[PDB]
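Curious how this folds, go ahead:
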Amino acid sequence: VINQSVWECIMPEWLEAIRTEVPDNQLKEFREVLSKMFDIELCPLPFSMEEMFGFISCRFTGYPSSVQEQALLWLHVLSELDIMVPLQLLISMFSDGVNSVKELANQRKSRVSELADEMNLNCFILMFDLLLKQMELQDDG
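Numbering: from 1, shown residues only. Sure, structure below:
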């Protein structure tokens, strides 16, 4: 009944609703439905590693840390429910994010020196912590 752009447009609204004001201590049953959304062989739609998380990726390739903090909050609230990702996607996507925000931080350092964001490292703790989740899922020995 629907297309790829449909669920690409309507997934983060549902995810902010389940993130922000839902008590996240009763998500024991969500890892069945959410995995059938997010596993390739569970739902027989032609799923991909780019179109599935592309709405996050459009904010990773040059949008600032104001929206990236809540983006990594969705990745955090998503990983706490056993969401299995391939590792090279996370490594490449986090590398693109850190070089984009490093270029933006160099742009901020030249905003006080045009003639000649910073609390996001507190969110980078959670970025590192999240990385440990996929090690806790995939690389267990």
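
Pull the contacting residues for the residue sitting nearest the centre point of the chain.
The residue lying closest to the centre of the chain (C-alpha atoms, centre = their mean) is residue 75, at 3.8 Å. Residue 75 is in contact with 56, 130, counting by C-beta atoms under 8 Å, 6 or more residues apart in numbering. Every residue, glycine included, has its C-beta placed from N, CA and C.

mind redoing it with 7 Å?
By C-beta atoms under 7 Å, 6 or more residues apart in numbering, the residues touching residue 75 are residue 130.

Tell me how far it lies from residue 114.
According to C-beta to C-beta, to the nearest Å, residue 75 and residue 114 sit 34 Å apart.

how about the one helix or strand the residue nearest to the centre of the chain maps to: buried residues?
Assessed by DSSP states H and E, residue 75 sits inside helix 65-79. For helix 65-79, burial by neighbour count (16 or more other C-beta atoms under 10 Å) applies to 65, 68-79.

Just the closest of those residues to residue 54, please.
Taking C-beta to C-beta as the measure, residue 71 is the one of the buried residues of helix 65-79 closest to residue 54, at 12.3 Å.
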